[PDB]
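Worksheet: one structure, shown below.
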Amino acid sequence: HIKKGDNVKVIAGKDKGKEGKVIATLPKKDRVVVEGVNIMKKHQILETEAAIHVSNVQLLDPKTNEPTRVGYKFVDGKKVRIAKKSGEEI
Amino acid sequence: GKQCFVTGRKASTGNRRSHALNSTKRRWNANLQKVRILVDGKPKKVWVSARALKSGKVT
RNA sequence: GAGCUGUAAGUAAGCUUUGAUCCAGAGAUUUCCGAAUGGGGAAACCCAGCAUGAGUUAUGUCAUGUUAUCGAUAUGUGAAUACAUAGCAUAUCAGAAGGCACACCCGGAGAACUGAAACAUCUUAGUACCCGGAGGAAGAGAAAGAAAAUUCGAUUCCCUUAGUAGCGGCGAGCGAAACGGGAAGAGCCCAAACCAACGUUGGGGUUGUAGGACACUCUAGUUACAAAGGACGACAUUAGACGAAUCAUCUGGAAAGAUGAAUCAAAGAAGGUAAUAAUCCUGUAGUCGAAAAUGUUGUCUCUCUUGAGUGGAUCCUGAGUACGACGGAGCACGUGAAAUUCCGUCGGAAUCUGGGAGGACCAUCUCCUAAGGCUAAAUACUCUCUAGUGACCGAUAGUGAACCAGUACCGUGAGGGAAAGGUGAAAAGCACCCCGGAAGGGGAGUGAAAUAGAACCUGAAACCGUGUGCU
RNA sequence: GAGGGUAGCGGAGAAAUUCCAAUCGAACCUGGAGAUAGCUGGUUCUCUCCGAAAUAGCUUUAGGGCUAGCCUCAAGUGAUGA
RNA sequence: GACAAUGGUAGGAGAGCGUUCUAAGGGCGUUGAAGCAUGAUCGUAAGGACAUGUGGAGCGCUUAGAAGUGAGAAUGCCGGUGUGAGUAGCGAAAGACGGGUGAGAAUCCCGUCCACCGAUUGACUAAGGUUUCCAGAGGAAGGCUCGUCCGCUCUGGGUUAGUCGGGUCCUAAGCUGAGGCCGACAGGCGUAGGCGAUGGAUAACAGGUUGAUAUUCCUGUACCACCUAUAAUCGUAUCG
RNA sequence: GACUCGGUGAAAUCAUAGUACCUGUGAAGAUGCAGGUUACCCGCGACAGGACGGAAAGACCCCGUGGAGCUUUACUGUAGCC
């Protein structure tokens, strides 16, 4: 759904409308870690990042650099991901 | 576990009544006799009712 | 198609695009007890024989197969006792055993409390309990029937007849059938007369408008009964994949809310997202997809197969059977004027001019053909598998059990049987400073909130303490 | 002392209605079963109008019933009431 | 307007309040819902509003429908908390002092004195219990007081057999029984044969050692059964 | 043992309680009613006249067309025996 090492835009939360890069994926709990957002403070005292819901992020279009949805069209024998509102392959 | 070998007679169950119509359980038994009959193997002694011995049976 | 080694943390050491982990179909391994089956036994243990093999100069030791009982089939099989037959030793057998849903069905045996305002006939009740046999359904089933019309035509189940006719210390009370309207709906095979062998196996034959043997000119495989084994392509389950549509400002920790402007809809069912979302995510409407296993179905294979009526010399059509008496039972019907049908004892018939029934019995009419055997459907029930619903409960409620509950615990034993749910959106679960031996507390810090600090959402009353105005 | 036997419509008793798991004129557990009780106890919000009886008869009846007397609501006849 | 009536047990009749759910219509709510607390408010009654604190996500209003619809009593059921009350009791009994440990000592360790049993409060072992046994740490709960201690908590350890008791030996009383007998079913009894010690048969003693084992480990000296290769003597042996 | 101090620390009972006496009254024997007479507020150790004092829904007597055990020339049956 949202693979690691992608470029996403946050649409809901404290750090909304801020682009980042996905660094970790937890599909059991449906949580995605985005770089640079949702900073946490743990008394051990260090500053690190926390997890955000996968439903609060949308992938960035390669051309317009705007949020969009995901689709599939079977260009080759395998399966590839495309973007709605356009035809560019992600 | 006693029964007629030729026909299959067996005891039954019923009521015993009095003049005042009080009822108690009783049994009607078959008139079985221990008689030797012809068998394919050894001639053995089996329970055969007196009714079966009528009409002509071996002994 | 990218993460994974369960709850469960946490630390190590690892695997994975050369396809980890996961879903589905198909295979292999599967300790010991338990019907337990080599013998024994206080289940989860002990002790052997026989045949091979592994190690020891040799015993000791170990591994792999087999050895229970009963029953059914071939062989050898003195007895006492001449031939034989009881006992015996072998060979074979997807032969039997035990459990299961305390639901449905058919048999054997069979109470009491209670009602009658006492009680014995009666009722409770052929109910509860016990035993036996099965099946996915079981039981019944092809007129010796119902009746009185210018008739019908196997069985089963629903409505009505009807609380009627009846039964009853005529008290309490018990209580039908036929007709009529519907669901479902096919009927056949054996014994005898007769025909050729050596009592046997084949053919023939199955009935009431009377059928058949005998003599007469005499032609639809139904594997759910009707006779029993196999080969031919289409749907349905057991994993899934595509699948339309939204952006701003205000409050706020967070927007899905409000104010404004757009879009989709064979998709406005539902769940989750930091708050109440048709257009954020998983989905829904619609369509597509199957290696392999398992069901149903239909077009050819394959396996059986004698189709019609007039005449009736003679012969055949179920015997200790029908029926009667005595003592019981069951029919709604308590022996009563009790027909119709079952059991025990004793007597005991006839052979189409025959026999049975039409509620004692006789006569006349009408209907039918017992004493042999099978048969799907409509009907009843839910331990389970998939998909759904409710003017049903919301932690003293709902299953006894929302937590690892038939658990704790109580009893020698059968048996009885609980209490216990909630931090926050995110563990971000208080670094650091001060009082101790520690528990605890005061600051600082995380968080919107810490009197949300894990004995954690709100937080009533009983009850226990501190200070104050009047007395 | 140890190993065993006799089981409730039954056992054992030098005999007391004595004992059979702290219980015995008939043990304990589970079912029929929510047995029966003409007998005690209990029965949850608020207002307005009307308002008794503790008597006769019968009764296997006497602290229980049934009919009649007395209370309440509705529809009818119309001086029949004190 | 004018008049008349309005005490009440059993019981009869009528109009109403409040709670939970459903249909339709119309509303409120993070600028704060239900719930909880207070107030000097409203109606003829059951009852209805408003404001302020806490609370953090749902809830009223109108007309109809339905019912697990209203609590002070049943020696009622379950949970919590009082009075008796700082009251009764703290389960046979002789302790005193010095030194240590420690935050804290009448109650814990070490030493001295005194005291009690001694046909037993001493030493073994059968049944039964099942880790309560040893060492090092700890003080929430258990100990009828305290506790630095423990049969209590945490972490690690401890049981060694040819000769001892049981089986590869034997049978009492009883139990189970191939065939067999009896019995509505289920099953009862019983022959050959087995199971079954509290009995019979059967080869080892002494000393030392650890915090925990001792006819078991070690040292010294024995015994019983079985197997293997030459041998004295033996082919009428010898075994049964 | 009880009594004082230190440590620990229950129970039966309980409608709410600021709980006097005499003569009367009363469902006929009053801390709570009438009249009068006594009595400043709060503790501790003792005794037992009352609170018809506390445990036990009176086993004595009676009632129920309630139970159970026993007896006989009560009634109706029956296991066995002739």
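Residue numbering restarts at 1 in every chain; chains get A, B, ... in the order shown in the structure tokens, and ligands count up from 1 in that same order.
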Name the residues of region 1-56 of chain B that fall into helix (DSSP H, G or I) according to DSSP on the backbone, using the chain letters and numbers of this document, as a ChimeraX atom specification.
/B:50-53
Assign secondary structure with DSSP using the backbone only, and return the residues of chain B in strand (DSSP E) as a PyMOL selection string.
chain B and resi 12-17+23-28+32-36+45-49
Would you export the selected residues with N, CA, C and O atoms as a PDB file, in the first residue's frame, please?
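Generated output (selection09.pdb):
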```
ATOM      1  N   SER B  12     -44.005 -63.564  28.275  1.00  0.00           N
ATOM      2  CA  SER B  12     -44.628 -62.261  28.102  1.00  0.00           C
ATOM      3  C   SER B  12     -44.845 -61.611  29.466  1.00  0.00           C
ATOM      4  O   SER B  12     -44.443 -62.141  30.504  1.00  0.00           O
ATOM      5  N   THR B  13     -45.488 -60.445  29.454  1.00  0.00           N
ATOM      6  CA  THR B  13     -45.732 -59.683  30.670  1.00  0.00           C
ATOM      7  C   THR B  13     -47.146 -59.121  30.633  1.00  0.00           C
ATOM      8  O   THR B  13     -47.669 -58.786  29.567  1.00  0.00           O
ATOM      9  N   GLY B  14     -47.760 -59.027  31.802  1.00  0.00           N
ATOM     10  CA  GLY B  14     -49.107 -58.511  31.890  1.00  0.00           C
ATOM     11  C   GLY B  14     -49.481 -58.189  33.317  1.00  0.00           C
ATOM     12  O   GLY B  14     -48.624 -58.090  34.195  1.00  0.00           O
ATOM     13  N   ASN B  15     -50.783 -58.032  33.539  1.00  0.00           N
ATOM     14  CA  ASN B  15     -51.318 -57.646  34.835  1.00  0.00           C
ATOM     15  C   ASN B  15     -52.097 -58.793  35.464  1.00  0.00           C
ATOM     16  O   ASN B  15     -52.726 -59.598  34.770  1.00  0.00           O
ATOM     17  N   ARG B  16     -52.042 -58.862  36.791  1.00  0.00           N
ATOM     18  CA  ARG B  16     -52.874 -59.761  37.581  1.00  0.00           C
ATOM     19  C   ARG B  16     -53.927 -58.925  38.296  1.00  0.00           C
ATOM     20  O   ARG B  16     -53.586 -58.010  39.053  1.00  0.00           O
ATOM     21  N   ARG B  17     -55.196 -59.241  38.062  1.00  0.00           N
ATOM     22  CA  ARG B  17     -56.306 -58.452  38.569  1.00  0.00           C
ATOM     23  C   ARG B  17     -57.011 -59.183  39.704  1.00  0.00           C
ATOM     24  O   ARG B  17     -56.987 -60.414  39.784  1.00  0.00           O
ATOM     25  N   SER B  23     -54.222 -54.091  40.319  1.00  0.00           N
ATOM     26  CA  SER B  23     -53.384 -54.692  39.292  1.00  0.00           C
ATOM     27  C   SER B  23     -51.942 -54.793  39.767  1.00  0.00           C
ATOM     28  O   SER B  23     -51.396 -53.844  40.337  1.00  0.00           O
ATOM     29  N   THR B  24     -51.334 -55.952  39.524  1.00  0.00           N
ATOM     30  CA  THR B  24     -49.922 -56.178  39.789  1.00  0.00           C
ATOM     31  C   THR B  24     -49.314 -56.904  38.596  1.00  0.00           C
ATOM     32  O   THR B  24     -50.006 -57.595  37.846  1.00  0.00           O
ATOM     33  N   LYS B  25     -48.007 -56.733  38.422  1.00  0.00           N
ATOM     34  CA  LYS B  25     -47.321 -57.288  37.264  1.00  0.00           C
ATOM     35  C   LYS B  25     -47.067 -58.780  37.439  1.00  0.00           C
ATOM     36  O   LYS B  25     -46.751 -59.250  38.535  1.00  0.00           O
ATOM     37  N   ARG B  26     -47.204 -59.522  36.341  1.00  0.00           N
ATOM     38  CA  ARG B  26     -46.943 -60.954  36.326  1.00  0.00           C
ATOM     39  C   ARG B  26     -46.391 -61.325  34.955  1.00  0.00           C
ATOM     40  O   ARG B  26     -46.248 -60.477  34.071  1.00  0.00           O
ATOM     41  N   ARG B  27     -46.080 -62.607  34.781  1.00  0.00           N
ATOM     42  CA  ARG B  27     -45.490 -63.094  33.543  1.00  0.00           C
ATOM     43  C   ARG B  27     -46.166 -64.384  33.105  1.00  0.00           C
ATOM     44  O   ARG B  27     -46.465 -65.251  33.930  1.00  0.00           O
ATOM     45  N   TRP B  28     -46.400 -64.500  31.800  1.00  0.00           N
ATOM     46  CA  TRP B  28     -46.876 -65.731  31.184  1.00  0.00           C
ATOM     47  C   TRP B  28     -45.684 -66.447  30.564  1.00  0.00           C
ATOM     48  O   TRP B  28     -45.041 -65.910  29.656  1.00  0.00           O
ATOM     49  N   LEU B  32     -42.023 -74.832  27.772  1.00  0.00           N
ATOM     50  CA  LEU B  32     -40.814 -75.387  27.183  1.00  0.00           C
ATOM     51  C   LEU B  32     -40.446 -76.702  27.854  1.00  0.00           C
ATOM     52  O   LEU B  32     -40.644 -76.880  29.058  1.00  0.00           O
ATOM     53  N   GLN B  33     -39.910 -77.628  27.062  1.00  0.00           N
ATOM     54  CA  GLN B  33     -39.450 -78.918  27.552  1.00  0.00           C
ATOM     55  C   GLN B  33     -38.051 -79.189  27.017  1.00  0.00           C
ATOM     56  O   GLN B  33     -37.701 -78.774  25.909  1.00  0.00           O
ATOM     57  N   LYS B  34     -37.251 -79.888  27.818  1.00  0.00           N
ATOM     58  CA  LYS B  34     -35.881 -80.238  27.446  1.00  0.00           C
ATOM     59  C   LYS B  34     -35.916 -81.589  26.743  1.00  0.00           C
ATOM     60  O   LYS B  34     -35.968 -82.638  27.388  1.00  0.00           O
ATOM     61  N   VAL B  35     -35.889 -81.564  25.413  1.00  0.00           N
ATOM     62  CA  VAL B  35     -36.052 -82.762  24.600  1.00  0.00           C
ATOM     63  C   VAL B  35     -34.917 -82.840  23.588  1.00  0.00           C
ATOM     64  O   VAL B  35     -34.480 -81.818  23.046  1.00  0.00           O
ATOM     65  N   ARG B  36     -34.423 -84.054  23.357  1.00  0.00           N
ATOM     66  CA  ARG B  36     -33.378 -84.283  22.369  1.00  0.00           C
ATOM     67  C   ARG B  36     -33.994 -84.403  20.981  1.00  0.00           C
ATOM     68  O   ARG B  36     -34.937 -85.172  20.775  1.00  0.00           O
ATOM     69  N   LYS B  45     -29.539 -81.564  23.359  1.00  0.00           N
ATOM     70  CA  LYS B  45     -30.776 -81.303  24.082  1.00  0.00           C
ATOM     71  C   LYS B  45     -31.026 -79.801  24.094  1.00  0.00           C
ATOM     72  O   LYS B  45     -30.175 -79.031  24.554  1.00  0.00           O
ATOM     73  N   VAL B  46     -32.189 -79.388  23.591  1.00  0.00           N
ATOM     74  CA  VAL B  46     -32.533 -77.981  23.456  1.00  0.00           C
ATOM     75  C   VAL B  46     -33.937 -77.757  24.000  1.00  0.00           C
ATOM     76  O   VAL B  46     -34.704 -78.696  24.217  1.00  0.00           O
ATOM     77  N   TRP B  47     -34.263 -76.487  24.222  1.00  0.00           N
ATOM     78  CA  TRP B  47     -35.583 -76.108  24.711  1.00  0.00           C
ATOM     79  C   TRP B  47     -36.559 -76.043  23.543  1.00  0.00           C
ATOM     80  O   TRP B  47     -36.394 -75.224  22.633  1.00  0.00           O
ATOM     81  N   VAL B  48     -37.571 -76.907  23.566  1.00  0.00           N
ATOM     82  CA  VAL B  48     -38.609 -76.945  22.542  1.00  0.00           C
ATOM     83  C   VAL B  48     -39.963 -76.906  23.237  1.00  0.00           C
ATOM     84  O   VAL B  48     -40.199 -77.662  24.185  1.00  0.00           O
ATOM     85  N   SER B  49     -40.844 -76.026  22.770  1.00  0.00           N
ATOM     86  CA  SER B  49     -42.167 -75.906  23.362  1.00  0.00           C
ATOM     87  C   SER B  49     -43.033 -77.109  22.996  1.00  0.00           C
ATOM     88  O   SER B  49     -42.799 -77.803  22.003  1.00  0.00           O
TER      89      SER B  49
END
```
Would you compute the distance between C1' of residue 17 (chain C) and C1' of residue 289 (chain C)? Give it in Å to one decimal.
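Going from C1' of residue 17 (chain C) over to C1' of residue 289 (chain C), I get 24.8 Å.
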Suppose you want the space between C1' of residue 48 (chain E) and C1' of residue 14 (chain E); what is it in Å?
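One can read the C1' of residue 48 (chain E) to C1' of residue 14 (chain E) distance as 25.2 Å.
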Surrounding residues of residue 109 (chain C) excluding itself and chain neighbours under 6 positions, 9 Å, only C-alpha atoms (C1' of nucleotides), as a PyMOL selection string:
(chain C and resi 130-131) or (chain E and resi 184-185)
Residues of the last selection are to be written out with N, CA and C atoms (P, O5', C5', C4', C3', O3' and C1' of nucleotides), as a PDB file, in the first residue's frame.
```
ATOM      1  P     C C 130     -31.044 -42.820  32.353  1.00  0.00           P
ATOM      2  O5'   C C 130     -31.129 -44.410  32.394  1.00  0.00           O
ATOM      3  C5'   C C 130     -30.570 -45.142  33.474  1.00  0.00           C
ATOM      4  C4'   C C 130     -30.883 -46.614  33.372  1.00  0.00           C
ATOM      5  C3'   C C 130     -30.468 -47.302  32.084  1.00  0.00           C
ATOM      6  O3'   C C 130     -29.089 -47.622  32.043  1.00  0.00           O
ATOM      7  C1'   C C 130     -32.667 -47.954  32.652  1.00  0.00           C
ATOM      8  P     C C 131     -28.296 -47.585  30.649  1.00  0.00           P
ATOM      9  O5'   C C 131     -28.786 -48.896  29.888  1.00  0.00           O
ATOM     10  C5'   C C 131     -28.510 -50.187  30.410  1.00  0.00           C
ATOM     11  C4'   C C 131     -29.275 -51.263  29.679  1.00  0.00           C
ATOM     12  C3'   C C 131     -29.048 -51.353  28.180  1.00  0.00           C
ATOM     13  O3'   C C 131     -27.843 -52.007  27.829  1.00  0.00           O
ATOM     14  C1'   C C 131     -31.358 -51.475  28.626  1.00  0.00           C
TER      15        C C 131
ATOM     16  P     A E 184     -35.770 -65.259  32.582  1.00  0.00           P
ATOM     17  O5'   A E 184     -35.423 -64.076  31.572  1.00  0.00           O
ATOM     18  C5'   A E 184     -35.925 -62.765  31.787  1.00  0.00           C
ATOM     19  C4'   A E 184     -36.084 -62.006  30.492  1.00  0.00           C
ATOM     20  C3'   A E 184     -34.849 -61.274  29.987  1.00  0.00           C
ATOM     21  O3'   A E 184     -33.961 -62.117  29.275  1.00  0.00           O
ATOM     22  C1'   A E 184     -36.718 -59.828  29.899  1.00  0.00           C
ATOM     23  P     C E 185     -32.375 -62.024  29.516  1.00  0.00           P
ATOM     24  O5'   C E 185     -31.992 -60.547  29.057  1.00  0.00           O
ATOM     25  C5'   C E 185     -31.877 -60.215  27.683  1.00  0.00           C
ATOM     26  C4'   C E 185     -31.585 -58.748  27.492  1.00  0.00           C
ATOM     27  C3'   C E 185     -30.276 -58.240  28.079  1.00  0.00           C
ATOM     28  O3'   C E 185     -29.162 -58.490  27.237  1.00  0.00           O
ATOM     29  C1'   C E 185     -32.030 -56.778  28.684  1.00  0.00           C
TER      30        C E 185
END
```
Mind checking which residues fall within 10 Å of residue 21 (chain E), counting only C-alpha atoms (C1' of nucleotides), ignoring those fewer than 5 positions away in the same chain, and posting them as a PyMOL selection string?
(chain C and resi 391) or (chain E and resi 66-67)
Which residues of chain C are close to chain B, meaning at most 8 Å apart when you count only C-alpha atoms (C1' of nucleotides), and how do they look as a list in words?
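My answer is residues 85, 86, 120, 121, 320, 328, 329, 343 and 344 of chain C.
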Selection: 12 Å around region 17-30 of chain D, only C-alpha atoms (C1' of nucleotides), excl. self and same-chain fewer than 6 positions, as number ranges by chain
C: 129, 411-416; D: 6-11; F: 68-70
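Excluding residue 12 (chain F) and any residue on its chain fewer than 4 positions from it, the residues at most 10 Å away by only C-alpha atoms (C1' of nucleotides) are residues 84 of chain E; 54 and 55 of chain F.
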Residue 14 (chain C): which residues within 12 Å, counting only C-alpha atoms (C1' of nucleotides), same-chain residues fewer than 2 positions away excluded, as JSON, numbers by chain?
{"C": [4, 5, 12, 16, 20]}
May I ask for the distance between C1' of residue 162 (chain E) and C1' of residue 223 (chain E), given in Å to one decimal place?
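That distance, rounded to one decimal, is 10.8 Å.
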